Amino acid sequence: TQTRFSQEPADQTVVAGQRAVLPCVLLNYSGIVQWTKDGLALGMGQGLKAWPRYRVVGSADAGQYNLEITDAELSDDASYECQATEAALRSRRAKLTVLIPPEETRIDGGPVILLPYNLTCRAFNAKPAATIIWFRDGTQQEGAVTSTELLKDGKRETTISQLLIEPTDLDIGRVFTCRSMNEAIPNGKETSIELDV
Amino acid sequence: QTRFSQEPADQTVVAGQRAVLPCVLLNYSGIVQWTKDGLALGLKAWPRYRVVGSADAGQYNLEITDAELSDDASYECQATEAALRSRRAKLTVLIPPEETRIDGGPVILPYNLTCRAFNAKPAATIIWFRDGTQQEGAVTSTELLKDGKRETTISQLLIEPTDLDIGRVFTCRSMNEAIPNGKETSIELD
Ligand SMILES: *[C@@H]1O[C@H](CO)[C@@H](O[C@@H]2O[C@H](CO)[C@@H](O[C@@H]3O[C@H](CO)[C@@H](O)[C@H](O)[C@@H]3O)[C@H](O)[C@H]2NC(C)=O)[C@H](O)[C@H]1NC(C)=O
Ligand SMILES: *[C@@H]1O[C@H](CO)[C@@H](O[C@@H]2O[C@H](CO)[C@@H](O)[C@H](O)[C@H]2NC(C)=O)[C@H](O)[C@H]1NC(C)=O
């Protein structure tokens, strides 16, 4: 009747600036428990030095060694496992998906775009690829061309939706708003721009 | 600040042999650990595992005695306490063939032969010869095994027995990188 894992860590989805805990409890264990981050060790005891926002918590008595990450970051998006030494085995794979909202998304037309012309809304630095929705006052799906652009680090993307407008004496004074949301964002941010001929 | 003067390298070790992985880090005050396929490592509760070298000069080399197929893994001497990982160490643990024999029995009275090397890494090569190398006819065909690490090479020989070859011995040798000189099984034609 050796050591076992009552609960092993599972794949969790966390948004940026949030707290996460990975369920790792192993009964019949008095031995040291470690954590693996892409093949990297964390720390001995329940005090993880030289690491920011990393602290293992839970019941030391019940064999519970849950890792706690506060204020999640793009860096934390990785694979984890709470393996233990002293004749103990590893513990599953933990894919941490740290979702991040788009930043300062706007339409490449300025405050007002005076002029078969075009508009385009661009979402920047979001993972997963944020979705752009085009509408003046009611959804104008017609024309919207969603195109995803991968970023430097290859983890996040920059979706750009090119709109096929054809301005007239009507659309003048009429605002064209563009919202952009992702799994990190329930209700996307919007930029209000003014058309002109 | 702290660095790795020498990092572990991909090493080839034969079965039942001793290996050391070079890991020396200057200007270090942190504890140094080792990684085996994303697993942490005087290594208790484990046999033949002992890290050695000079703690004073910063040398932390890993020592493995009596190598085995299980030890075939990826390693790195990463350190805790604000320290980084250290390269990748692909340890190739070579193993000799086991019980290689000819599927003809002690004596095999348009016939065929085949010598079969079993459970060797890398795939052992079979060489056919009565008294001098008779590569002609030998058909080497490698067969991978369940765990996909080792193989079972089988060389089928295209013989055609006659009144001459009787009493004449047919030996079959099988060698690999783990075996400089392969073992041979002697069979009698009839
Ligand atoms: C004696 O050993 C020789 C050498 O292996 C055997 O000759 C082999 O005969 C088989 C047919 O029975 C050939 O297999 C064929 O391969 C093709 C693929 O290229 C496949 O599509 C066919 O359906 C067929 O299976 C094989 O090529 C041939 N070997 C050589 C080197 O020519 C012979 O069968 C053995 N005899 C005995 C009694 O064991
Ligand atoms: C307005 O936006 C549309 C949408 O992309 C652009 O149309 C593209 O035109 C090029 C030809 O130069 C094609 O290769 C692309 O396939 C077209 N896109 C689509 C979705 O069909 C058009 O170029 C833009 N006009 C501008 C920016 O002045």
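Definitions and cut-offs
Residues numbered from 1 in each chain as written, not as in the entry; some residues may be left out. Chains lettered and ligands numbered in written order. Heavy atoms only, no water. Residues with missing side-chain atoms left out of burial classes, pairs and counts. Pairing = 2+ DSSP bridges. Helix = DSSP H or I, 4+ residues; strand = E, 2+ residues; numbered from the N terminus. Near = heavy atom within 4 Å. Polar contact = N/O pair within 3.5 Å; in protein donor to acceptor, adjacent residues only side chain to side chain. Areas by Shrake-Rupley, 256 points an atom, 1.4 Å probe, with all protein chains shown as cover. Nonpolar A, V, L, I, M, F, W, Y, C, P; charged D, E, K, R; others polar. Contact = heavy atoms within 4.5 Å. Buried area = accessible area lost by both parts, 1.4 Å probe. Salt bridge = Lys/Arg side-chain N within 4 Å of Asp/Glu carboxyl O. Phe/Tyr/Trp six-rings, centres within 6.5 Å; stacked < 30°, edge-to-face > 60°. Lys NZ or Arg CZ within 6 Å of the ring centre and 35° of its normal. 1 Å grid on protein atoms, 1.4 Å probe; cavity = no way out; pocket = protein on both sides within 12 Å on 5 of 7 lines; lining within 4 Å. Points joined across faces, edges and corners; volume = space filled by probe spheres on them. Disulfide = S-S within 2.5 Å. UniProt positions renumbered as here; feature names shortened; annotations may be inferred. Buried < 20%, exposed > 50% of the residue type's maximum accessible area, 1.4 Å probe, protein only. Patch = residues over 30% accessible without salt bridge, like charges linked within 9 Å, V, L, I, M, F, W, Y side chains within 5 Å.

The record names X-ray crystallography as the way this model was obtained, at a resolution of 3.94 Å.

Caption draft 1: Representation of the sheet that holds strand β3 (residues 36-37) of chain A in the model. Residue and element names in this part refer to chain A. Judged by pairing direction, the sheet is mixed, and its 4 strands sit side by side in the order β1-β7-β6-β3 without closing on themselves. The open sheet has two edge strands with one neighbour each: β1 (12-15) and β3. Relative to strand β6 (residues 79-81), β3 is paired through 2 bridges, and the arrangement is antiparallel. Its bridge partner lying in β6, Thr-36 is registered against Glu-81.

Caption draft 2: A look at the site of ligand 2. All names here are of chain A. The environment of ligand 2 is made up of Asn-118, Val-145, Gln-162 and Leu-164. At 2.5 Å from an oxygen atom of ligand 2 is found a side-chain nitrogen or oxygen belonging to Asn-118. In this structure, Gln-162 approaches ligand 2 through a side-chain N or O atom, which is 2.5 Å from an oxygen atom. Against a free-state accessible area of 570 Å², the protein chains account for coverage of 29% of ligand 2. Its residues placed into classes, the shell around ligand 2 shows 2 nonpolar, 2 polar and no charged.

Caption draft 3: Spatial organisation of the interface of chain A and chain B. Counting from both sides, the interface comprises 17 residues of chain A and, opposite them, 16 residues of chain B. Taken as a group, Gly39(A), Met44(A) and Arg90(A) account for 31% of the area that chain A buries against chain B, more than any other trio of residues on that side. Inspection of the chain A/chain B interface yields 0 salt bridges. At the boundary of chain A with chain B, the tally comes to 4 residue pairs in polar contact. Partitioned by chemical class, the residues of the side of chain A that touches chain B number 6 nonpolar, 5 polar and 6 charged.

Caption draft 4: Geometry of the site of ligand 1. All names here are of chain B. Taken together, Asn-112, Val-139, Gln-156 and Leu-158 make up the full set of residues near ligand 1. Taking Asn-112, its side chain carries an N or O atom lying 2.4 Å from an oxygen atom of ligand 1. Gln-156 places a side-chain nitrogen or oxygen 2.5 Å from an oxygen atom of ligand 1. The fraction of the free accessible surface of ligand 1 (750 Å²) that becomes covered by protein chains is 22%.

Caption draft 5: Representation of the packing of aromatic side chains. A complete count under the given rule lists 3 aromatic pairs over all chains for this structure. Centre to centre, the rings of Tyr28(B) and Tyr60(B) are 5.9 Å apart; their planes meet at 85°, and the pair counts as edge-to-face. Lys37(A) extends its terminal NZ or CZ atom over the ring of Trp51(A), reaching a point 5.8 Å from the ring centre.

Caption draft 6: Seen up close, the layout of surface pockets. All names here are of chain B. Quantified by volume, the second largest pocket comes out at close to 190 Å³. Forming the boundary of the second largest pocket are 14 residues, of which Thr-2, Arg-3, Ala-82, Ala-83 and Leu-84 lie nearest the centre. When the residues that make up the lining of the second largest pocket are grouped by side-chain class, the tally is 7 nonpolar, 4 polar and 3 charged.

Caption draft 7: The arrangement of the UniProt feature "disulfide bond" in chain B in detail. Residues and elements named next belong to chain B. Between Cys-23 and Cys-77, where UniProt places a disulfide, the sulfurs come within 2.0 Å of each other, which fits a bond. You can see the UniProt disulfide between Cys-115 and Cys-172 is made here, since their sulfurs are only 2.0 Å apart, below 2.5 Å. Of this pair, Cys-115 sits in strand β10 (residues 113-116) while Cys-172 sits in strand β14 (residues 169-176), placing them 57 residues apart in sequence. Overall, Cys-172 belongs to the buried group, its relative accessible area being 0%.

Caption draft 8: Highlighting unusual backbone geometry. Between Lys127(A) and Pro128(A) the backbone carries a cis peptide bond, its omega angle lying at 0°. With respect to the helices, strands and loops of the structure, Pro128(A) is situated in the loop between β10 (119-122) and β11 (131-135). For the bond from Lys121(B) to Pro122(B), the omega torsion is 0°, close enough to zero to count as cis. Mapped onto the secondary structure, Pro122(B) falls in the loop between β10 and β11 (125-129). Positive phi outside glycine occurs at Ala45(B), with the angle close to 60°. With respect to the helices and strands, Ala45(B) occurs in the loop between β3 (35-36) and β4 (49-52). Not every positive phi belongs to a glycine, and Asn119(B) is a case in point at roughly 60°.

Caption draft 9: Examining a nonpolar patch on the surface more closely. A contiguous nonpolar surface patch, about 220 Å² in accessible area, is contributed by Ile32(A), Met44(A) and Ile31(B). By the secondary structure assignment, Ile31(B) is in the loop between β2 (19-21) and β3.

Caption draft 10: Seen up close, the sheet that holds strand β13 (residues 160-163) of chain A. Residues and elements named next belong to chain A. Spatial strand order, β8-β10-β13-β12: 4 strands in an open sheet with antiparallel pairing. Whereas interior strands pair on both sides, the edge strands pair on one side only; in this sheet they are β8 (106-107) and β12 (145-147). Sheet topology note: the β8/β10 ladder contains 2 bridges and is antiparallel. Along β10, the bridge assignment pairs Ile-107 with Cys-121.

Caption draft 11: Here's a closer look at the state of the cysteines. Counting across every chain of the model gives 4 disulfides over all chains. There is a disulfide in this structure between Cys24(A) and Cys82(A), and the S-S distance comes to 2.0 Å. Between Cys24(A) and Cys82(A) the sulfur-sulfur dihedral comes to about 100°; the bridge is accordingly right-handed. Taken as a pair, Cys24(A) in the loop between β2 (20-22) and β3 and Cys82(A) in the loop between β6 and β7 (94-99) lie far apart in primary sequence, 58 residues in all. Between the sulfur atoms of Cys115(B) and its disulfide mate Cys172(B) the distance is 2.0 Å. Measuring the twist about the S-S bond at about -100°, one finds the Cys115(B)-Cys172(B) disulfide to be left-handed. Listing the disulfide partners of chain B by sequence rank of the bonded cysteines yields 1-2, 3-4.

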